[PDB]
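A structural walkthrough
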Amino acid sequence: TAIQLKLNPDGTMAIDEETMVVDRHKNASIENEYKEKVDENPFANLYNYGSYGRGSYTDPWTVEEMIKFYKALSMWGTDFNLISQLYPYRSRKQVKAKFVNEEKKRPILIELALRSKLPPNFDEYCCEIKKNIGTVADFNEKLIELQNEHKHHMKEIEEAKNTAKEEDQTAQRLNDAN
Amino acid sequence: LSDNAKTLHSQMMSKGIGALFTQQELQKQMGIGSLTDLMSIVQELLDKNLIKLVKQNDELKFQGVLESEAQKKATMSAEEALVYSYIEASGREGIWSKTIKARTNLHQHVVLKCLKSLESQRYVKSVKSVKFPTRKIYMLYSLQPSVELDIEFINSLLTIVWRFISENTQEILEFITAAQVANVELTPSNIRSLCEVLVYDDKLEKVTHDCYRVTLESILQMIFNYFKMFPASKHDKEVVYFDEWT
Amino acid sequence: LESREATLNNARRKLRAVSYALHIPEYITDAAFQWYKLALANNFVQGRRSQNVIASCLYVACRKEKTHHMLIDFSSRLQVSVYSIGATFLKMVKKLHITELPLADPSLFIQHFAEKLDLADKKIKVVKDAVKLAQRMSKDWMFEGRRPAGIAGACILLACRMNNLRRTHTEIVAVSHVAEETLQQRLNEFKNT
RNA sequence: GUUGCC
DNA sequence: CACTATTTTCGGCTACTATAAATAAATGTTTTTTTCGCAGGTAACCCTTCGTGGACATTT
DNA sequence: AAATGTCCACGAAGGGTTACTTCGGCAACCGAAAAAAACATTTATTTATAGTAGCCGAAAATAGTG
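The record names cryo-EM as the way this model was obtained, at a resolution of 4.30 Å.

1. Considerations on the overall build of chain A
Secondary structure assignment for chain A yields 7 helices and 2 strands. Seen in sequence order, chain A has helices and strands lined up from the N terminus as β-β-α-α-α-α-α-α-α. Over its C-alpha trace chain A gives a radius of gyration of 32 Å, far above what one expects of a compact globule, namely 16 Å for 178 residues. When its C-alpha atoms are laid out on the principal axes, chain A stretches across 90 × 60 × 35 Å. The contacts of chain A with a sequence gap of at least 6 include a subset with a gap of at least 24, amounting to 46%.

2. Comments concerning the arrangement of the chains
Summarising the chain contacts, 2 pairs of chains touch, and the pair with the most contacts is chains A and B. A gap remains between chain B and chain C, which never touch, and the nearest two C-alpha atoms on either side lie 20 Å apart.

3. Observations regarding the protein's contact with DNA strand E
Neighbouring DNA strand E are 21 residues, the closest being A:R54, A:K93, C:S3, C:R49 and C:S50. Counting only the atoms of DNA strand E that lie within 4 Å of the protein, the sugar and phosphate share comes to 93%. C:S3 is positioned such that a nitrogen or oxygen atom in its side chain is 2.8 Å from a phosphate oxygen of DNA strand E. Contributions of two or more residues to the surface near DNA strand E are made by α4 (92-105) of chain A together with α1 (2-21), α3 (50-64) and α5 (82-93) of chain C. Its residues assigned to classes, the surface near DNA strand E comprises 5 nonpolar, 11 polar and 5 charged.

4. Notes on the interface of chain A and chain C
Interface size is commonly expressed as the accessible surface area that is lost when the partners come together. With 7 residues of chain A at the interface, the matching set in chain C holds 16 residues. Interface area for chain A against chain C, summed over the two sides, is near 1,100 Å², with a carbon-plus-sulfur share of 67%. For chain A, the biggest contributors to the area lost against chain C are A:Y47, A:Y49 and A:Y52; these three give 69% of the whole. Per-class residue counts for the side of chain A that touches chain C are 5 nonpolar, 2 polar and no charged.

5. Brief notes about the packing of aromatic side chains
Enumeration over the complete set of coordinates arrives at 9 aromatic pairs over all chains. Note on A:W61 and A:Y87: the rings are 5.6 Å apart at their centroids and 50 degrees apart in plane angle, and the pair reads as tilted. Within this pair, whereas A:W61 is found in the loop between α1 (26-33) and α2 (63-75), its partner A:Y87 is found in the loop between α3 (82-86) and α4, the two being separated by 26 residues in sequence. The exposure class assigned to A:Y87 is buried, which follows from its relative accessible area of 8%. Geometrically, the ring pair formed by B:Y84 and B:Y123 is tilted, given 5.9 Å between the ring centres and 55 degrees between the ring planes. One end of the pair, B:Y84, is in helix α5 (residues 78-90); the other, B:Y123, is in the loop between α7 (108-120) and β3 (125-127), with 39 residues separating them in the sequence.

6. A look at the state of the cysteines
Residues and elements named next belong to chain C. Using the criterion set out here, one finds 0 disulfides over all chains in the structure. Unpaired in terms of disulfides, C155 finds its nearest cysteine sulfur in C160, a separation of 11 Å. For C155, a relative accessible area of 3% translates into the label buried.

7. Let's talk about a nonpolar patch on the surface
Residues and elements named next belong to chain A. Nonpolar side chains collect at one region of the surface, where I3, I15, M20 and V21 lie side by side and expose about 350 Å² of accessible area between them. Within the secondary structure, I15 sits in strand β2 (residues 14-15). A residue is classified by how much of its surface remains accessible, and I15, at 37% relative accessible area, is partly exposed.

8. Regarding the UniProt feature "domain: SANT" in chain A
According to UniProt, the feature "domain: SANT" maps to residues 56-107 of chain A in the numbering used here. Along residues 56-107 of chain A, the helical share is 63% and the strand share 0%, with 27 Å between the first and last C-alpha atoms.

9. Focus on the interface of chain B and chain A
Taken together, the contacts link 19 residues of chain B with 16 residues of chain A. At the boundary of chain B with chain A, total buried surface from both sides reaches about 1,500 Å², with 59% on carbon and sulfur atoms. Contact with chain A buries surface across chain B, with B:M39, B:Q43 and B:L143 losing the most and accounting together for 32% of the total. Here chain B and chain A share 1 salt bridge between them. A salt bridge links B:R92 to A:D168; the shortest N-O distance between them is 3.3 Å. At the junction of chain B and chain A, the tally comes to 6 residue pairs in polar contact.

10. Some words on a negative patch on the surface
Residues and elements named next belong to chain A. Among the surface-exposed residues, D138, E141, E145 and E149 lie close enough to one another that they form a single negatively charged patch. Checked against the element boundaries, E141 lands in helix α7 (residues 139-177). A relative accessible area of 42% places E141 in the partly exposed class.

The rules behind these values
- Residues numbered from 1 in each chain as written, not as in the entry; some residues may be left out.
- Chains lettered and ligands numbered in written order.
- Part of a larger assembly, values for the part shown.
- Heavy atoms only, no water.
- Residues with missing side-chain atoms left out of burial classes, pairs and counts.
- Helix = DSSP H or I, 4+ residues; strand = E, 2+ residues; numbered from the N terminus.
- Rg over C-alpha atoms; globule rule 2.2 N^0.38 Å.
- Contact = heavy atoms within 4.5 Å.
- Near = heavy atom within 4 Å.
- Polar contact = N/O pair within 3.5 Å; in protein donor to acceptor, adjacent residues only side chain to side chain.
- Nonpolar A, V, L, I, M, F, W, Y, C, P; charged D, E, K, R; others polar.
- Buried area = accessible area lost by both parts, 1.4 Å probe.
- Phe/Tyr/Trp six-rings, centres within 6.5 Å; stacked < 30°, edge-to-face > 60°.
- Buried < 20%, exposed > 50% of the residue type's maximum accessible area, 1.4 Å probe, protein only.
- Disulfide = S-S within 2.5 Å.
- Patch = residues over 30% accessible without salt bridge, like charges linked within 9 Å, V, L, I, M, F, W, Y side chains within 5 Å.
- Areas by Shrake-Rupley, 256 points an atom, 1.4 Å probe, with all protein chains shown as cover.
- Salt bridge = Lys/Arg side-chain N within 4 Å of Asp/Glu carboxyl O.
- UniProt positions renumbered as here; feature names shortened; annotations may be inferred.
- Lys, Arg positive; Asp, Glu negative; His and termini not counted.
- Charge placed at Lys NZ, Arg CZ, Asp CG, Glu CD.

Below you can see the structure in the form of structure tokens.
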């Protein structure tokens, strides 16, 4: 949506007065034409106390998930930060409540986990590295090296800052002389 | 196609940014094609938003700008980069926020929401200007505050230069360099302005169009004797006032 | 102060605003302005939402007058949660010490529901039998900690079905704004007591 | 204060 | 007469809902101050300019 | 000398400008805008209740078709 010109035989190298301005609605109206049309039934909009309040329906847990839940709770004490991404589209809040409701549901199966203070049955070696094979890079030094690049760009724009400043005072000092 | 556009911008960046180019030398410089397809790649180069169209008065003029600022403005959207062109067109004296609204027709909310993001992109700062105080003035980081200093403590400069003449304009300029005075730039015009305030106070006198002699306020400093004149002012109804005739 | 007079002149139009949309009779609006005026002095309005604090202020004068206007109708048009509006209602009513305040009698809500319930011409017999059911609802132990709009929507459900069949479990929800499965329990609550 | 009428 | 076919219904599972109490930190919302808004009906009757003639002045 | 050149002030004519048009009585009825400042909420974490309310959902069950 840049400005457009044309080449007349009468006046060559003339620029279009209508392309100088933009309408800001023709682009919006294209997609609004290509939206689905439905006829509102005033019964459909019904609302109750369960409206406009955050919280949703949790997808109930399966036993295939529990072996990735018990063992992630067997390795660490109780660490909700890194186990969240293990269940990729589950969030930090409802998985904390999954720790809470199991206290009343299975109080004794949890009580075996904190007694276990040792490396467990050695089958987590795959799940040790299945977590690691996502974006394989030395993260203990990957964050260091590009952070040093960032302050290098900030130092160069700081060099560009003062070198712009010194020539500016130099130029208008000459205007003060004249 | 592309290679013809790669040749022309290397010619635009060939010269130093001044000496603003035009067509009458461009067809002398790049005239291997006719004007019908030369314009079509320049309008395509306008579609690649590198070339801009600057104005010397009453006639058609061109100006190429560097690729470094072209990439960072391509990150913005249509309206985001559009308002960024107005501030960089101003450049040296800033631009007033209400006048920016006048040149867009975008109303007060959509312009302020745009530049709120733009300061976080570190392309625009806000300065305080004095020829119209308390107005919003925006510039780049290129720092042109062309608009001595307005706030006080001129008297610290002023009270010392009386002492140099008390014992008895070019003779001042060597004296003001020393004595660790908190100054950054002086000029012979400033000392001429700094001296005539004392002329209005009759602290010293102007003779022979540049010389200065003291009006002997030193004996008044230490009927025309307003010091040591303390009044009674209490329990005396018979006093004289300068007001209370109106 | 001029800004003191200006900040309530804006607050006058806001009370003038929502009273129009809720069909409030105007002798509550001017009475509700007295609540906001003295609650202005107690430093309660600073920080909180202006569009919220007038909604709780107007609702107090709705229940001193004992009208049919229940709280969630205020929450609907600003498209916010109900529990936000009731939160500042509790945090207000403690601070300026409202002691006397009438109970939300659910008997009010029946005879206002019938006009929008598009029922037959015999609209007085459908509410006379209902208030006999509503006083039968009262001495029996169904609603003591439950919702007023819940049980007041269950009594009109039973009276409508025993003469008409206009009840669809949905039209009375479109009036009472309480969900469908929470009222199915209420007739099973009534059935085996 | 403003209109209508004899 | 019988295995279906969708429904009716419980049903447990979960997600909030005031409650007091600590920060510490950040955010978001609203009065109270201190401060300049762009062309770049009839009839006196007094008011202004038009005009015309006053005597000084300077040349012949 | 003197005649014309010139300059000057009072008056003439019209110029637009400003307060003007019954006497009764009955009914009624009505600036904005940035900054400074204050302060609640969200941000967790408990840990006890009952209630909605949603979503499911499977399994209880009468029912629909061959």
